[PDB]
Amino acid sequence: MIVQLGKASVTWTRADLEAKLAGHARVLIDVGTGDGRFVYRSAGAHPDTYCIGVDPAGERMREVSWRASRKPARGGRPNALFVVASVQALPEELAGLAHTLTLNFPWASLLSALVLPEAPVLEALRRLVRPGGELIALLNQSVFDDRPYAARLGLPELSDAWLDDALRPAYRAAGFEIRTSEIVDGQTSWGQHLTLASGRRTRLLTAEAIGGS
């Protein structure tokens with residue numbers, strides 16, 4: 001596994017990770033974390049939780065990973081970790097660790113993978129989650145469109161029909177049972193909505209990882 005530490009990228013093993021994991025009751029993984037501030041904040045709010053931000057561009061994470069690696073009084077957060085990788089090749093060292101897996105405003109390709117959906121991606125995310133653990137997605141169509149020009153199909157509205165025919169089976173087919181499908185609002189003034197939605201309509205999707213018994 002590649003870990004980001006300021007401008008440095010260091011190689012870690014499963015063993016290295018487990019040494020850090022010890023002493024933490026929960027594990028959070030944020031996929032497509034960007035600048036990583038969500039993971040940095042989570043680390044502060046939940047000392048019990050080891051918080052891992054993942055992004056395929058190390059440099060996006062330079063600032064936060066350097067800051068989180070300082071002494072606590074200087075802003076260090078030792079239960080924070082930043083890993084460079086994409087959903088298309090997630091590091092094996094992360095398999096089965098997450099209680100909570102977040103996808104916050106994924107770009108169009110990743111958003112597509114979640115709402116069409118796309119089995120290989122769904123299967124890939126499921127590999128990160130412990131049984132009984134949760135996938136939480138904040139979905140918004142104003143994100144950056146990273147898809148090739150030809151792949152710009154129109155994306156579906158997450159209606160009950162869509163959930164029933166497209167998403168539930170496909171998520172069950174990947175090891176996930178969809179819990180929540182809700183519009184994040186549904187009466188602020190014009191912009192309080194957009195601060196807490198960002199921008200217009202964002203929907204929340206949650207699913208529980210299901211295993212044997």
Side-chain angles (χ1 to χ4, degrees), residues 1 14 17 21 26-34 38-39 42 49-56 83-184 186 201-213:
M1 180 172 74
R14 241 168 247 71
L17 177 59
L21 287 173
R26 302 181 50 97
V27 169
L28 161 73
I29 301 171
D30 189 31
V31 175
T33 200
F38 167 79
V39 166
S42 299
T49 307
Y50 195 75
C51 303
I52 310 180
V54 192
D55 199 277
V83 171
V84 3
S86 62
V87 259
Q88 153 175 13
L90 296 167
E92 34 177 333
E93 299 86 337
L94 293 184
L97 293 176
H99 291 79
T100 306
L101 190 159
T102 62
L103 304 117
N104 296 319
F105 302 112
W107 290 355
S109 54
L110 183 43
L111 170 68
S112 289
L114 294 165
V115 310
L116 292 179
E118 300 186 349
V121 174
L122 279 195
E123 282 169 38
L125 297 171
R126 180 63 185 73
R127 180 165 143 264
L128 298 183
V129 190
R130 71 169 50 238
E134 193 177 14
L135 188 168
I136 305 184
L138 277 183
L139 297 187
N140 183 285
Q141 292 197 10
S142 69
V143 293
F144 172 53
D145 193 339
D146 61 333
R147 296 165 308 163
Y149 195 11
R152 307 204 176 169
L153 58 67
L155 296 172
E157 176 201 341
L158 265 38
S159 73
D160 292 323
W162 189 257
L163 201 85
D164 190 21
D165 252 328
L167 297 192
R168 287 185 175 282
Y171 273 62
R172 82 172 175 263
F176 280 120
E177 186 68 39
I178 289 171
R179 307 209 193 109
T180 301
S181 173
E182 269 187 358
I183 306 291
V184 136
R201 170 189 66 221
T202 101
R203 53 221 177 269
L204 178 59
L205 188 59
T206 68
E208 172 175 351
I210 53 189
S213 63

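Numbering starts at 1 and runs along the sequence shown. In what follows, every heavy atom counts, from backbone to side chain, and hydrogens, waters and symmetry copies are set aside.
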Rounded to the nearest 0.5 angstrom, the CG-CG distance for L101 and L125 is 6.0 Å
Working to the nearest 0.5 angstrom, can you tell me the gap between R130 CZ and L97 CG?
7.5 Å
In terms of heavy-atom contacts, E157 and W162 come closest through O-CB, 3.6 Å
Where do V83 and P91 come nearest, in terms of heavy atoms and distance?
CG1-CG, 4.1 Å
Name the atoms and distances for all side-chain donor-acceptor pairs under 3.5 Å in residues 202-209, with sequence neighbours left out.
| from | atom 1 | to | atom 2 | distance (Å) |
| --- | --- | --- | --- | --- |
| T206 | OG1 | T180 | N | 2.9 |
| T206 | OG1 | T180 | OG1 | 3.2 |
| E208 | OE1 | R179 | NE | 3.2 |

Determine whether the side chains of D55 and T33 contain a donor N or O and an acceptor N or O closer than 3.5 Å.
no
Locate the shortest heavy-atom distance separating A170 from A166; write the atom from each residue and the value.
CB-O, 3.2 Å
Count the heavy atoms belonging to other residues, nucleotides or ligands that lie under 6.0 Å from CD of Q88, then report whether that count exceeds 12.
no
Non-hydrogen atoms of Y50 and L17 that approach each other most closely
CE2-CD1, 3.9 Å
Quick test of your reading of the model: are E92 and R127 salt-bridged, counting only N-O distances below 4.0 Å?
no
Hits for salt bridge (charged side-chain N to carboxylate O under 4.0 Å, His left out) against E123, two or more places apart or cross-chain, chain-then-number order -> none
Kindly give the heavy-atom pair with the smallest separation between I178 and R168, and that separation in Å.
O-NH1, 3.0 Å
Could you tell me the separation between the CD atom of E134 and the CG atom of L28, rounded to the nearest 0.5 Å?
11.0 Å
When you measure from the side chain of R201 to the backbone of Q141, do you find a donor-acceptor pair of N or O atoms at a distance under 3.5 Å?
no
How would you list, by chain and number, every residue that makes a side chain to side chain contact (heavy atoms under 4.5 Å, CB included) with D145, sequence neighbours excluded?
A108, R147, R152
Pairwise side-chain contact, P156 with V115, heavy-atom cut-off 4.5 Å (strictly under)
yes
Does any part of the side chain of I136, heavy atoms only, come nearer than 4.5 Å to the side chain of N104, both counted from C-beta?
no
Locate the shortest heavy-atom distance separating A85 from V54; write the atom from each residue and the value.
O-CG1, 3.7 Å
Are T49 and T100 close enough that some pair of their side-chain heavy atoms sits under 4.5 Å apart?
no
Listed by chain and number, what are the ring-ring contact (aromatic ring centres under 6.0 Å, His included) partners of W107, not counting sequence neighbours?
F144
Rounded at 0.5 Å granularity, tell me how far CG in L122 sits from CZ in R126.
11.5 Å
Take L167 and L114, measure what side chain to side chain contact (heavy atoms under 4.5 Å, CB included) needs, and give me the verdict at the end.
CA-CA 8 Å; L167 297 192; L114 294 165; over 6 Å; no
Is a side-chain donor or acceptor of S159 paired with a backbone partner of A161 at a separation under 3.5 angstrom?
yes
With a 4.5 Å heavy-atom cut-off, do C51 and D30 have their side chains touching?
no
Between the OG atom in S181 and the CG atom in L139, the distance rounded to the nearest 0.5 Å is 8.5 Å
Taken in chain and number order and not counting sequence neighbours, the residues that satisfy ring-ring contact (aromatic ring centres under 6.0 Å, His included) with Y171 are none
Here the ring pair (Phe, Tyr, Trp, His ring centres under 6.0 Å) pairs for residues 113-135, sequence neighbours left out, are none
I need the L111 CG to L103 CG distance, nearest 0.5 Å.
10.0 Å
Is there side-chain contact between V31 and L128, with at least one heavy-atom pair below 4.5 Å?
yes
Is there side-chain contact between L135 and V129, with at least one heavy-atom pair below 4.5 Å?
no
Do the non-hydrogen side-chain atoms of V87 and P56 ever get within less than 4.5 Å of each other?
no
